[PDB]
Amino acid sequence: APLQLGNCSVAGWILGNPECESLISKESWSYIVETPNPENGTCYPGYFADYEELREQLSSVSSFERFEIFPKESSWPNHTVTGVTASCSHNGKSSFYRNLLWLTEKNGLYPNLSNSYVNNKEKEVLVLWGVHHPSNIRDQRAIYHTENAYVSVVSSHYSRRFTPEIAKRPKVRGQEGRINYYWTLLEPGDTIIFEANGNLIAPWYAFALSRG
């Protein structure tokens, strides 16, 4: 039996686009029924890294399961986790991806953050995150205290450091900022660690699955 994604791409479904009313997922499927969409499924404009690879690796799964990798109200205590934007509306109210969190300053401060997850699900864990890019420098200072920020995601098989790019842009969906989306597969027992002093679109919910 297929995974019925209805009106939604796999991008918007896997990231948790608010407008995807599409049914919460099954435990397995042999293929995916989806609507390709011009604007991907990214309610906030940006670039989805390795989208083609993720699409074919999600074509057939065995033990799919969505779970809360970093609880919203405990993982980021002295950051702000309640950011919403008009470009990701839900029933006419501003919202955000249901699988990610837009971390910004709290009380004018964005302290160095660090968090780690150990894959005890006895299967591969699909972690997704984003990197945000303001359009001017003073706005990078507003929401993140730091001007030259960094994001570092490392596991035993994955390691990359991200730096924001501040540039004037055209408005896509009324927005001049950008969020680039990234993902990796965590093998059982492996640890993934997130480090940043700004611009991280932190993972909130992740997925455990078995391809095939």
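Residue indices: 1-based, along the sequence shown.
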- Message: When the other structures of this protein are compared, and only where the residues around it are present, is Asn37 absent from a third or more of them?
- Response: yes
- Query: Per the PDB record, is the mean Cα temperature factor higher over 98-106 or over 72-80?
  - Reply: 72-80
- Query: Mean CA B-factor: is it higher for 32-40 or for 53-61?
  - Reply: 32-40
- Item | Chain thirds of CA B-factor: placement of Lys123 | middle
- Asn136 - Cα temperature factor, lowest/middle/highest third of chain: lowest
- Item | Chain thirds of CA B-factor: placement of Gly92 | highest
- Item | Where the record places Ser25 (Cα B-factor, split into thirds across the chain) | highest
- Split the chain's modelled residues into thirds by Cα B-factor; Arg178 lands in the lowest
